[PDB]
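Source file: my_file01.cif (mmCIF, N, CA, C and O atoms)
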data_input
#
loop_
_atom_site.label_atom_id
_atom_site.label_comp_id
_atom_site.auth_asym_id
_atom_site.auth_seq_id
_atom_site.Cartn_x
_atom_site.Cartn_y
_atom_site.Cartn_z
N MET A 1 -189.10 54.32 -41.90
CA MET A 1 -188.87 52.90 -41.68
C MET A 1 -188.58 52.19 -43.00
O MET A 1 -189.25 52.42 -44.00
N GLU A 2 -187.57 51.32 -42.99
CA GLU A 2 -187.19 50.58 -44.18
C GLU A 2 -187.55 49.10 -44.05
O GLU A 2 -187.92 48.45 -45.02
N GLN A 3 -187.45 48.58 -42.83
CA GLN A 3 -187.77 47.18 -42.56
C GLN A 3 -189.28 46.97 -42.50
O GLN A 3 -190.05 47.94 -42.46
N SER A 4 -189.70 45.71 -42.47
CA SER A 4 -191.12 45.38 -42.41
C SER A 4 -191.51 44.95 -41.00
O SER A 4 -192.42 44.14 -40.82
N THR A 5 -190.82 45.50 -40.01
CA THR A 5 -191.10 45.18 -38.62
C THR A 5 -192.49 45.64 -38.21
O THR A 5 -193.23 44.92 -37.53
N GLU A 6 -192.85 46.86 -38.62
CA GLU A 6 -194.16 47.42 -38.30
C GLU A 6 -195.28 46.55 -38.87
O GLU A 6 -196.21 46.18 -38.15
N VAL A 7 -195.18 46.23 -40.15
CA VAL A 7 -196.18 45.40 -40.81
C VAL A 7 -196.20 43.99 -40.24
O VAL A 7 -197.26 43.41 -40.00
N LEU A 8 -195.01 43.44 -40.01
CA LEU A 8 -194.89 42.09 -39.46
C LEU A 8 -195.49 42.02 -38.06
O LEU A 8 -196.21 41.08 -37.73
N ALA A 9 -195.18 43.02 -37.24
CA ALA A 9 -195.69 43.07 -35.87
C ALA A 9 -197.21 43.15 -35.86
O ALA A 9 -197.88 42.48 -35.08
N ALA A 10 -197.76 44.00 -36.73
CA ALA A 10 -199.21 44.17 -36.82
C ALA A 10 -199.89 42.88 -37.24
O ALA A 10 -200.90 42.48 -36.65
N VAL A 11 -199.34 42.22 -38.25
CA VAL A 11 -199.90 40.97 -38.75
C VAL A 11 -199.88 39.89 -37.66
O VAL A 11 -200.86 39.16 -37.48
N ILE A 12 -198.76 39.80 -36.95
CA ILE A 12 -198.62 38.82 -35.89
C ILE A 12 -199.64 39.04 -34.78
O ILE A 12 -200.31 38.11 -34.34
N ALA A 13 -199.76 40.29 -34.34
CA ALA A 13 -200.71 40.64 -33.29
C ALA A 13 -202.14 40.33 -33.71
O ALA A 13 -202.94 39.83 -32.92
N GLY A 14 -202.46 40.63 -34.97
CA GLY A 14 -203.80 40.38 -35.48
C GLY A 14 -204.12 38.90 -35.55
O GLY A 14 -205.25 38.49 -35.29
N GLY A 15 -203.12 38.10 -35.90
CA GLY A 15 -203.32 36.66 -36.00
C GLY A 15 -203.54 36.01 -34.64
O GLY A 15 -204.42 35.17 -34.48
N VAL A 16 -202.72 36.40 -33.67
CA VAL A 16 -202.82 35.85 -32.32
C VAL A 16 -204.12 36.27 -31.65
O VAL A 16 -204.80 35.46 -31.02
N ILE A 17 -204.47 37.54 -31.80
CA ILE A 17 -205.70 38.07 -31.21
C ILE A 17 -206.93 37.42 -31.83
O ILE A 17 -207.86 37.02 -31.13
N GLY A 18 -206.94 37.32 -33.16
CA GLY A 18 -208.06 36.72 -33.85
C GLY A 18 -208.24 35.25 -33.51
O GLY A 18 -209.36 34.79 -33.29
N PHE A 19 -207.13 34.52 -33.45
CA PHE A 19 -207.17 33.10 -33.13
C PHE A 19 -207.67 32.88 -31.70
O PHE A 19 -208.48 31.98 -31.45
N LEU A 20 -207.19 33.70 -30.78
CA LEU A 20 -207.60 33.59 -29.38
C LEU A 20 -209.08 33.89 -29.21
O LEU A 20 -209.77 33.24 -28.43
N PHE A 21 -209.57 34.88 -29.96
CA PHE A 21 -210.97 35.26 -29.90
C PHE A 21 -211.86 34.16 -30.47
O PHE A 21 -212.91 33.85 -29.91
N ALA A 22 -211.44 33.59 -31.59
CA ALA A 22 -212.20 32.52 -32.24
C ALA A 22 -212.31 31.30 -31.33
O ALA A 22 -213.38 30.71 -31.20
N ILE A 23 -211.19 30.93 -30.71
CA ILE A 23 -211.17 29.78 -29.82
C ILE A 23 -212.02 30.02 -28.58
O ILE A 23 -212.69 29.11 -28.08
N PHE A 24 -212.00 31.26 -28.09
CA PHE A 24 -212.77 31.62 -26.91
C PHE A 24 -214.27 31.58 -27.20
O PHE A 24 -215.07 31.13 -26.37
N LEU A 25 -214.65 32.04 -28.39
CA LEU A 25 -216.05 32.05 -28.79
C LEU A 25 -216.58 30.64 -28.97
O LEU A 25 -217.69 30.32 -28.54
N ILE A 26 -215.78 29.78 -29.60
CA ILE A 26 -216.17 28.40 -29.83
C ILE A 26 -216.31 27.64 -28.51
O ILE A 26 -217.28 26.91 -28.31
N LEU A 27 -215.34 27.82 -27.63
CA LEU A 27 -215.35 27.16 -26.33
C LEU A 27 -216.56 27.60 -25.51
O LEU A 27 -217.21 26.79 -24.84
N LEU A 28 -216.86 28.89 -25.55
CA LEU A 28 -217.99 29.45 -24.82
C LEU A 28 -219.31 28.90 -25.35
O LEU A 28 -220.21 28.58 -24.58
N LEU A 29 -219.41 28.78 -26.67
CA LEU A 29 -220.62 28.27 -27.30
C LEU A 29 -220.84 26.80 -26.93
O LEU A 29 -221.94 26.42 -26.53
N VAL A 30 -219.79 26.00 -27.08
CA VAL A 30 -219.88 24.58 -26.76
C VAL A 30 -220.12 24.36 -25.27
O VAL A 30 -220.79 23.41 -24.87
N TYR A 31 -219.58 25.25 -24.45
CA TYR A 31 -219.73 25.16 -23.00
C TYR A 31 -221.16 25.51 -22.58
O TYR A 31 -221.76 24.83 -21.76
N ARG A 32 -221.69 26.59 -23.16
CA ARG A 32 -223.04 27.03 -22.85
C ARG A 32 -224.07 25.97 -23.25
O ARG A 32 -225.03 25.73 -22.53
N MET A 33 -223.85 25.36 -24.41
CA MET A 33 -224.76 24.33 -24.91
C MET A 33 -224.74 23.11 -24.00
O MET A 33 -225.69 22.32 -23.98
N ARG A 34 -223.66 22.95 -23.25
CA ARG A 34 -223.52 21.82 -22.33
C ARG A 34 -224.72 21.72 -21.40
O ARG A 34 -225.12 20.63 -21.00
N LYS A 35 -225.29 22.87 -21.06
CA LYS A 35 -226.45 22.91 -20.18
C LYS A 35 -227.58 22.04 -20.71
O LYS A 35 -228.63 21.91 -20.08
#
Could the structure of this file be written out as structure tokens, please?
Amino acid sequence: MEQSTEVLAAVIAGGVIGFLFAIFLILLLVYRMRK
């Protein structure tokens, strides 16, 4: 491989997954505390 598609794809996937997980954790915490 000569292009940075592999690295770019990995970075993108990691960013989206991490962001989604962080938002889900925060929402769950704030939601649970609602009780």
One-decimal distance in Å that lies between CA of residue 28 in chain A and atom O of residue 12 in chain A: 21.9 Å
Box dimensions and centre (Å, one decimal) enclosing range 20-28 of chain A, axis-aligned, 4 Å extra per side, as AutoDock Vina command-line options:
--center_x -213.7 --center_y 31.0 --center_z -28.4 --size_x 21.0 --size_y 16.5 --size_z 15.7
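For the atom pair formed by atom C of residue 30 in chain A and atom N of residue 16 in chain A, the distance is 22.8 Å, given to one decimal.
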By how many Å are CA of residue 19 in chain A and CA of residue 3 in chain A apart?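 Separating CA of residue 19 in chain A from CA of residue 3 in chain A is a distance of 25.8 Å.
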Chain A: which residues are helix (DSSP H, G or I) by DSSP, as an NGL selection string? :A and (5-33)
